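Step one of this worksheet: look at the structure below.
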Protein chains: 6
Amino acid sequence: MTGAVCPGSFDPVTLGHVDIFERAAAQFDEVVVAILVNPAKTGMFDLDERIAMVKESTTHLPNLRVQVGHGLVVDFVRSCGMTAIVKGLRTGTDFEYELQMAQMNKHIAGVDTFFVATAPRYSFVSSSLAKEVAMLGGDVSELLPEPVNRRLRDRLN
Amino acid sequence: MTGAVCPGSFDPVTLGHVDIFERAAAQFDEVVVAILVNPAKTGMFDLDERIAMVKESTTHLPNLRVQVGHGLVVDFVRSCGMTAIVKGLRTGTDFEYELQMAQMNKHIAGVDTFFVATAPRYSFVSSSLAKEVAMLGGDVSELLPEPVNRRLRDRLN
Amino acid sequence: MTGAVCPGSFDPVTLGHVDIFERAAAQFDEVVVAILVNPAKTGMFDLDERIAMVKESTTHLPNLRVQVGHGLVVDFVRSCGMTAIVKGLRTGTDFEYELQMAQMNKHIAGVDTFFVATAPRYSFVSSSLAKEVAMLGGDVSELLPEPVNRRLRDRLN
Amino acid sequence: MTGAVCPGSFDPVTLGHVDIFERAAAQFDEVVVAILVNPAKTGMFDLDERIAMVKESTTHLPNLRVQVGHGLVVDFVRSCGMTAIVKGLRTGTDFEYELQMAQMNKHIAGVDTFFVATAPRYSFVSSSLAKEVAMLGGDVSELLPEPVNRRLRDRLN
Amino acid sequence: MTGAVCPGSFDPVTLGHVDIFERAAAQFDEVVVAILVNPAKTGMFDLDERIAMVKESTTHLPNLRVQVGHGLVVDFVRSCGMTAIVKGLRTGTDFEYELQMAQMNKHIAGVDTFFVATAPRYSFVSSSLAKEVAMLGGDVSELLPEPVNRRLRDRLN
Amino acid sequence: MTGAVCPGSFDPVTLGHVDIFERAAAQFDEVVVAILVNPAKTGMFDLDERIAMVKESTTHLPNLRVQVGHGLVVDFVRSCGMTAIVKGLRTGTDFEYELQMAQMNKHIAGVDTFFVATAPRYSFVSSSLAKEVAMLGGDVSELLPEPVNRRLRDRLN
Ligand SMILES: CC(C)(COP(=O)(O)OP(=O)(O)OC[C@H]1O[C@@H](n2cnc3c(N)ncnc32)[C@H](O)[C@H]1OP(=O)(O)O)[C@H](O)C(=O)NCCC(=O)NCCS
Ligand SMILES: CC(C)(COP(=O)(O)OP(=O)(O)OC[C@H]1O[C@@H](n2cnc3c(N)ncnc32)[C@H](O)[C@H]1OP(=O)(O)O)[C@H](O)C(=O)NCCC(=O)NCCS
Ligand SMILES: CC(C)(COP(=O)(O)OP(=O)(O)OC[C@H]1O[C@@H](n2cnc3c(N)ncnc32)[C@H](O)[C@H]1OP(=O)(O)O)[C@H](O)C(=O)NCCC(=O)NCCS
Ligand SMILES: CC(C)(COP(=O)(O)OP(=O)(O)OC[C@H]1O[C@@H](n2cnc3c(N)ncnc32)[C@H](O)[C@H]1OP(=O)(O)O)[C@H](O)C(=O)NCCC(=O)NCCS
Ligand SMILES: CC(C)(COP(=O)(O)OP(=O)(O)OC[C@H]1O[C@@H](n2cnc3c(N)ncnc32)[C@H](O)[C@H]1OP(=O)(O)O)[C@H](O)C(=O)NCCC(=O)NCCS
Ligand SMILES: CC(C)(COP(=O)(O)OP(=O)(O)OC[C@H]1O[C@@H](n2cnc3c(N)ncnc32)[C@H](O)[C@H]1OP(=O)(O)O)[C@H](O)C(=O)NCCC(=O)NCCS
């Protein structure tokens with residue numbers, strides 16, 4: 001079989017993320033979404049919420065699973081018995097950094113990284129920006145999954 | 001009438017900023033410079049000084065006013081009864097980030113953002129770099145307005 | 001009054017173009033779309049068709065007019081009694097070239113150029129690509145105005 | 001099964017190309033290299049030579065086949081019963097153009113495009129540059145497959 | 001001694017070029033400006049004029065000489081008994097292409113390429129753009145050396 | 001004589017750094033590596049270790065010396081009686097920032113900055129990434145000098 005890992009901190013998962021999950025799932029036999037715990041105490045949602053939110057946003061993709069990532073992405077990829085990372089590109093991606101890590105990741109573990117541009121309508125949303133805009137009262141509900149909108153409403157109220 | 005907002009933290013306003021103010025004022029009936037209070041306690045000049053400095057540097061532009069910005073830029077723009085942001089581009093601008101925010105700002109409030117490249121002679125000055133260079137004794141007086149040079153001299157001595 | 005020129009060869013005008021026309025018209029008192037005749041004998045549509053197509057695609061914008069451009073863009077801008085160019089940015093824009101021409105245009109004639117990112121859904125269409133995709137049988141009708149789709153159908157059949 | 005198409009004009013196939021073929025073949029059940037005939041009469045090697053050269057350079061990859069591409073890449077991809085393009089990124093790739101075509105290709109046919117950075121040691125070779133450097137007597141043999149070096153020697157002598 | 005080559009087609013040499021020549025001459029014992037004959041019959045000035053123009057624009061730099069380049073830049077560099085190329089960066093430079101050629105040039109001949117940003121006031125001039133703007137009547141005399149302005153006047157009249 | 005300064009925090013010096021040192025030393029009479037103490041208490045290796053590591057990694061370059069930098073880079077350059085900075089470019093370099101500082105540095109002190117792309121095989125290593133990858137158990141020993149690998153082993157154990 002063929003497999004890819006979609007790594008990230010998904011705090012929260014946006015519809016740009018989901019778009020990329022959907023494309024990974026159509027093109028690989030299995031997809032694993034690896035949720036990577038923020039280095040220090042820094043999140044808006046705790047791990048369980050992030051997992052639930054990804055899970056709840058991906059029920060339509062039966063070949064995808066959600067797991068917490070630990071250590072080097074490449075080590076996790078290898079443990080999933082895979083050799084591919086799939087990363088989404090959006091407006092504001094630091095692509096040069098992504099490239100530097102792609103080359104490093106290939107160097108140290110032979111893992112390939114495939115990049116895919118997210119749909120234009122979801123290309124300007126990031127977890128960071130969605131949070132900052134929502135905290136100051138802006139409406140980003142069209143760019144997040146409903147499971148995320150539900151949890152974002154509660155935590156704001 | 002037609003109107004644009006030039007948002008920023010102007011800590012301090014440079015002559016790159018002024019160049020952009022000047023171009024906004026020539027092309028729109030009214031210009032509002034929105035000074036956006038640094039999120040946490042982080043400035044070099046307090047709000048009043050920043051306002052004074054912008055005011056003192058823009059006496060030649062009668063169709064421009066200076067106001068403190070609050071909340072989402074787009075909310076402020078709408079409150080000024082305008083629908084346009086004018087942002088300057090210089091060497092070192094994170095243009096991809098600017099673009100991501102431009103698309104988000106259009107999405108949530110229908111506000112357009114116009115980008116204009118600052119004059120080559122003012123294209124390498126930023127508030128950040130002007131401060132760091134001046135603190136370590138370098139001469140950046142040719143890239144800042146005289147009202148700013150006056151206040152930068154005092155605070156360094 | 002305030003005014004901007006939207007220059008280009010509009011062979012054919014796409015909905016990315018129109019998006020930009022719409023934004024120019026909302027923010028300036030008058031907009032002039034300047035159709036710039038291809039240097040040598042190189043178009044798909046002749047000048048009259050290009051004019052008709054822009055005209056037919058902009059009936060909802062009463063403050064915009066369509067004129068054939070001649071010579072230096074800046075000379076045309078000045079002749080329209082304006083001092084601003086408005087250019088759209090899309091995926092694939094040579095922005096560095098646009099910037100070089102913006103600085104040159106300011107140098108030689110004091111004309112400012114404002115850049116505005118086109119809507120994400122129209123950000124991957126260009127006249128060039130729309131033509132190449134349509135010639136080889138692909139459907140680009142969602143990214144062109146109906147006046148353009150009508151004329152593109154006929155010329156393909 | 002899962003499948004990807006690696007499109008291009010491979011005139012000639014370089015070791016940057018092969019690097020990408022190798023990565024596609026490891027991650028997808030079948031890979032098809034689509035050789036796309038230059039629009040007008042413009043090649044250095046004719047189609048048969050290009051096919052032979054790709055074939056001869058990919059004998060170690062049993063899950064890959066070489067076919068001549070016709071029309072829209074996306075139409076060929078669909079005909080191969082696949083929905084993925086795999087493209088290599090190297091120094092000098094026009095990535096903005098690649099992105100514009102990726103979004104267009106997704107729009108018109110639902111085909112995803114995955115981008116993968118070629119190995120650093122093969123990242124500065126292109127068919128174009130390899131030809132220009134070799135014609136003027138430079139040694140690019142370390143950056144081309146041996147089947148290509150053999151045919152490039154003969155045609156130069 | 002230390003040495004660098006400044007390669008190009010200098011049709012015509014601009015003041016951006018001269019700025020770079022000046023910086024090369026201050027930092028290396030000898031500088032050679034290599035004028036590289038356009039591949040086909042394509043120039044505005046013939047070789048002799050280009051040489052004269054560079055010569056006449058560099059009389060203040062006694063450690064610089066002007067020579068016609070032939071073949072691979074790296075072959076010329078080696079023949080000058082040097083191992084360094086100095087290239088200017090301006091607005092509109094295709095830097096990715098410059099980088100690809102820098103890596104190729106190092107690969108095939110061990111020649112290093114140093115890049116230096118041209119002065120902001122000369123950063124938007126190119127030979128190409130200066131010619132196109134001047135042909136259509138624009139004034140680019142502030143961005144070209146006087147020897148070039150003299151010859152550009154005559155050829156336009 | 002001719003001279004260049006290679007500034008940085010070299011925490012630790014990588015083989016990308018050394019590649020650049022080597023190229024500077026071949027092209028300039030003297031090279032000074034300026035180690036610039038991290039602003040606050042933030043390093044992995046203290047100054048003495050950084051100096052030792054650079055020293056131990058550059059014994060093959062007799063025309064290079066290592067010194068601790070203080071204040072503005074340009075002030076240090078001037079004190080070394082030089083007027084040139086040599087900076088390496090790798091994947092992930094913030095080149096726009098480098099350019100902004102190059103223009104500022106030229107403005108305030110007349111110091112030129114030359115940029116040189118590091119060898120492809122060392123183009124994805126940075127001090128930052130090498131540390132993060134090594135802390136989480138990855139093998140980056142092929143991208144660091146042996147003096148650095150020795151000290152990185154000890155500090156990890
Ligand atoms: C690969 C990696 C870049 C992806 O994880 P990510 O946290 O989702 O980050 P992304 O690149 O996807 O996008 C933005 C990211 O900036 C991250 N970020 C965290 N703190 C940030 C800071 N103070 N400022 C800027 N960005 C920050 C965001 O977390 C992260 O997403 P978000 O900010 O939108 O919430 C991250 O570096 C990582 O992988 N950690 C596991 C590390 C690993 O394997 N390292 C070896 C490196 S080759
Ligand atoms: C739009 C915005 C980017 C412009 O404000 P700005 O503070 O002047 O910042 P700029 O983009 O113009 O230029 C550099 C900026 O980096 C800002 N900055 C502040 N802290 C910084 C950090 N720790 N590191 C990097 N940059 C930082 C600078 O403040 C700011 O200017 P300066 O650093 O030269 O003093 C800023 O994000 C903002 O708008 N705040 C109001 C927010 C809003 O509407 N958000 C919804 C987002 S779509
Ligand atoms: C400003 C200018 C760049 C805009 O006109 P434009 O033709 O619409 O071109 P754009 O930059 O908008 O976008 C793509 C352009 O590439 C143009 N183009 C024409 N021939 C091309 C070639 N052989 N290859 C690449 N692009 C080409 C396209 O015409 C043009 O649009 P299109 O290709 O999608 O049909 C054009 O250079 C111009 O302005 N001519 C008037 C010139 C002037 O004032 N020059 C002084 C220069 S500062
Ligand atoms: C997708 C496509 C960009 C890839 O094919 P490619 O010819 O290998 O080109 P690449 O992007 O891979 O890399 C460089 C390319 O520039 C191409 N090129 C051809 N003529 C060129 C010109 N006069 N100048 C610049 N580049 C040229 C090169 O052929 C090609 O490779 P090469 O130059 O190194 O020999 C090409 O556009 C294509 O796909 N043709 C089939 C088209 C299709 O489906 N079009 C719908 C568009 S969304
Ligand atoms: C290195 C090289 C890029 C520099 O020469 P240059 O002609 O001055 O070109 P530059 O990169 O400096 O800047 C713009 C260039 O585009 C060149 N150019 C020529 N025809 C062009 C075309 N049809 N369209 C786009 N640009 C063109 C310009 O000549 C040239 O300067 P100009 O256009 O402003 O008159 C050129 O490729 C060369 O070096 N020829 C000698 C080649 C060599 O050694 N090749 C081995 C390659 S690694
Ligand atoms: C010129 C300068 C950019 C080079 O020093 P450098 O520390 O080696 O940094 P580099 O640009 O080379 O590369 C990455 C750098 O990010 C630096 N960095 C330090 N803290 C960082 C932060 N919190 N986040 C992002 N990067 C950081 C790194 O130190 C530094 O190298 P490293 O991160 O790989 O350990 C640095 O700004 C400097 O020069 N200090 C002396 C300053 C001076 O003259 N200033 C006047 C400015 S024109």
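All values below come from the heavy atoms of this structure, side chains included, with hydrogens, waters and symmetry mates left out. Per chain, numbering begins at 1; letters A, B, ... match sequence-line order.
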Could you list the residues that satisfy ring-ring contact (aromatic ring centres under 6.0 Å, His included) with [X], not counting sequence neighbours?
X      : answer
C:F124 : D:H107
C:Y122 : none
B:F95  : B:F115, C:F95
C:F76  : none

Counting only N and O atoms by type, is there a donor-acceptor contact under 3.5 Å from the side chain of [X] to the main-chain atoms of [Y]?
X      : Y      : answer
B:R121 : E:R121 : no
B:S57  : B:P145 : no
C:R78  : C:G110 : no

Can a donor-acceptor pair be found between the side chains of A:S141 and A:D139 at a distance below 3.5 Å? yes

Scan side-chain atoms only and decide if B:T2 and B:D29 contain a donor-acceptor pair under the 3.5 Å cut-off. yes

Just grab all the ring-ring contact (aromatic ring centres under 6.0 Å, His included) pairs involving residues 128-157 of chain C, residues at least two apart or on different chains. none

Partner set under salt bridge (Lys or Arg N to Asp or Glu O under 4.0 Å) for [X], not counting sequence neighbours:
X      : value
C:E56  : C:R150, C:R151
C:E98  : C:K87
E:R153 : E:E146
A:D19  : A:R23

Applying side chain to side chain donor-acceptor pair (under 3.5 Å), name anything that partners B:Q27, two or more places apart in sequence or on another chain. C:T83, C:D112

So, using side chain to side chain donor-acceptor pair (under 3.5 Å) as the criterion, who are the partners of B:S128 when residues are at least two apart? none

Applying side chain to side chain contact (heavy atoms under 4.5 Å, CB included) to D:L72 and D:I108, what does each step give before you reach the verdict? CA-CA 10 Å; D:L72 288 177; D:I108 66 161; 3.9 Å; yes

For the residue pair C:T113 and C:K106, establish whether any side-chain heavy-atom pair is separated by less than 4.5 Å. no

Measure the shortest side-chain to side-chain distance between B:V86 and B:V116 over non-hydrogen atoms and say whether it is less than 4.5 angstrom. yes

Give the minimum heavy-atom separation between C:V5 and C:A34, together with the two atoms involved. CG1-CB, 3.8 Å

Listed partners of A:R90 passing side-chain contact (heavy atoms from CB on, under 4.5 Å), at least two apart: A:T93, A:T118, A:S126, B:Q100

